[PDB]
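S.K.: This is the structure I want to talk about, given as structure tokens.
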Amino acid sequence: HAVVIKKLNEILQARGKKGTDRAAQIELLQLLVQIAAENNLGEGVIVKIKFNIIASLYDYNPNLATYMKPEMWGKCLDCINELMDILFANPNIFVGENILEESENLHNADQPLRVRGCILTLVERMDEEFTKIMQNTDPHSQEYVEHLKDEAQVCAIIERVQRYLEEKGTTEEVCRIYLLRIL
């Protein structure tokens with residue numbers, strides 16, 4: 001428990017500091033993420049780990065001069081799909097239903113879009129960066145064709161994410177992934 005929380009929080013705080021090695025920050029999250037240790041084990045730990053893991057990857061690329069790598073795009077997709085699989089295996093039971101999501105706290109405020117809306121944005125990044133590759137590659141090279149092979153895999157996540165939102169779905173979820181789906 002407290003080991004996990006303190007680790008994760010120390011990491012998040014350290015991330016908000018200018019000089020950071022992003023490679024090591026990612027690798028640490030991953031080593032941290034598995035939680036082989038019994039205290040580490042648990043679904044909230046997994047979800048709250050991934051939630052800060054995905055943008056942790058996306059952010060590192062932005063700081064560095066722009067480049068397109070097939071491998072880099074691929075593994076983050078794996079991350080998002082794993083979070084989605086965990087949430088799917090959850091069956092909308094992580095919130096302790098509806099009447100009480102969790103034991104009440106006066107300080108705490110909970111919004112479904114607020115915590116669970118962020119998910120969509122992740123997907124969107126996957127798409128946007130992906131587009132940035134198709135622009136930056138050579139039009140007639142085979143690499144372009146391979147990237148266009150990745151397009152389908154993005155569409156997959158759009159639909160899947162849409163469906164999870166419908167099962168636990170909240171209003172205005174449809175408007176953006178419907179748009180991407182159209183595009």
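Every residue, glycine among them, receives a Cβ derived from its backbone with ideal geometry; neighbour counts consider all protein chains shown. Read the figures in this text as sums done on the coordinates, not as results from a lab.
S.K.: Relative to the longest principal axis of the chain, what angle (0 to 90°, nearest 10) does the C-alpha long axis of helix 2-15 take?
M.R.: With both axes taken from Cα atoms, the answer is about 40 degrees.
S.K.: For the chain, just say rounded, prolate or oblate: build the C-alpha gyration tensor, square-root its eigenvalues into a ≥ b ≥ c, call rounded for a/c under 1.5, and beyond that prolate if a/b exceeds b/c, oblate if not. Walk me through the numbers on the way to the answer.
M.R.: Details: a/c = 2.12, a/b = 1.30, b/c = 1.63.
Oblate shape, in that a/c is at least 1.5 and b/c is the bigger or equal ratio.
S.K.: Mean separation of Cα pairs under 8 Å and 6+ residues apart, divided by the residue count of region 82-181: what relative contact order is that in percent?
M.R.: Values: 36 pairs, mean separation 28.3, N = 100.
Once normalised by length, the contact order is 28 percent.
S.K.: Putting +1 on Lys and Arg Cβ atoms and -1 on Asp and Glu Cβ atoms, find which of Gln142, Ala152, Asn52 reaches farthest to the positive end of the dipole of the chain.
M.R.: Of the candidates, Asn52 comes out farthest on the positive side.
S.K.: Something else: On a 0 to 90° scale, report how tilted helix 142-167 is relative to the longest principal axis of the chain, with both axes built from alpha carbons and the result rounded to the nearest 10.
M.R.: For helix 142-167, the angle is close to 30 degrees.
S.K.: Still on this structure, I have one more. Could you give the size of the charge dipole of region 1-79 about its Cα centre, using +1 on the Cβ of each K and R and -1 on the Cβ of each D and E, expressed in debye and rounded to the nearest 20?
M.R.: Magnitude of the dipole: close to 280 debye.
S.K.: Among the chymotrypsin sites (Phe, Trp or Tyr not before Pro) within region 31-139, which fall in a DSSP loop and have no more than 10 other Cβ atoms within 10 Å of their own Cβ? Walk me through the numbers before you get to the answer.
M.R.: Working: sites: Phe51, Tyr58, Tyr60, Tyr67, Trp73, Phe88, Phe94, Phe130; in loops: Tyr67, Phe94.
In loop regions of region 31-139 (DSSP not H, G, I, E or B), the sparsely surrounded chymotrypsin sites (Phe, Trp or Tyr not before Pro) are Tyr67.
S.K.: Still on this structure, please answer the following. From the phi angles alone, apply the Karplus equation (6.51, -1.76, 1.60; θ = phi - 60°) to region 103-119 and give each ³J(HN,Hα) in whole Hz, x where the residue is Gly or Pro.
M.R.: Here the 3J(HN,Hα) series is 4, 5, 10, 5, 5, 5, 10, 10, 10, x, 5, 4, 7, 8, x, 3, 3 Hz.
S.K.: On to the next question. Mind scanning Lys7/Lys75; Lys17/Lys75; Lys6/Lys149 and naming the pairs with a C-alpha gap bigger than 32 Å?
M.R.: Working: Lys7/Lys75 23 Å; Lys17/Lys75 25 Å; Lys6/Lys149 41 Å.
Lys6/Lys149, as the Cα separations exceed 32 Å there.
S.K.: Read phi for every residue in region 89-100 and hand back ³J(HN,Hα) as whole Hz from Karplus 6.51 cos²θ - 1.76 cosθ + 1.60, θ = phi - 60°, with x for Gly and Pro.
M.R.: 6, 5, x, 6, 10, 6, 9, x, 6, 10, 4, 10
S.K.: Give the shape of region 3-42 as rounded, prolate or oblate, defined through the alpha-carbon gyration tensor: a ≥ b ≥ c are the square roots of its eigenvalues, a/c under 1.5 means rounded, and otherwise the shape is prolate if a/b is larger than b/c and oblate if not.
M.R.: Numbers: a/c = 4.39, a/b = 1.80, b/c = 2.44.
Here region 3-42 falls in the oblate category.
S.K.: Right, next: What does the charge count around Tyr58 come to, taking other residues whose C-beta lies under 11 Å from its C-beta (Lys +1, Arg +1, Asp -1, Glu -1)?
M.R.: Numbers: positive: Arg22, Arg125; negative: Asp59, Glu124, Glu128, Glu129.
Its environment carries a net charge of -2.
S.K.: On to the next question. All other residues with a Cβ under 15 Å from the Cβ of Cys175 taken together, and with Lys, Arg as +1 and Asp, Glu as -1, what is their net charge?
M.R.: Numbers: positive: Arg176, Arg181; negative: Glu124, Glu166, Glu172, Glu173.
For residues surrounding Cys175, the net value is -2.
S.K.: Using the Cα gyration tensor of region 85-157, with a ≥ b ≥ c the square roots of its eigenvalues, what is the shape: rounded (a/c below 1.5), prolate (a/b larger than b/c) or oblate (neither)? Spell out each step's value before the answer.
M.R.: Numbers: a/c = 6.56, a/b = 2.89, b/c = 2.27.
It comes out prolate by the Cα gyration axes.
S.K.: Another question, then. Give me the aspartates and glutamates in straight-line cross-link reach of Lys69: C-alpha distance below 13 Å, same-chain residues under 8 apart excluded.
M.R.: Counting by Cα, and skipping residues close in sequence, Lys69 has these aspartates and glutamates nearby: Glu129, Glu143, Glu146, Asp150.
S.K.: Rounded to the nearest 20 Debye, what is the dipole magnitude of the chain about its Cα centre when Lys and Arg each give +1 and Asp and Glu each give -1 at the C-beta? Spell out each step's value before the answer.
M.R.: Details: 20 positive and 29 negative charges, 111 e Å.
The dipole of the chain has a size of about 540 debye.
S.K.: A follow-up question, please. Could you state the number of Å between the C-alpha centres of region 77-125 and region 3-73?
M.R.: 18 Å
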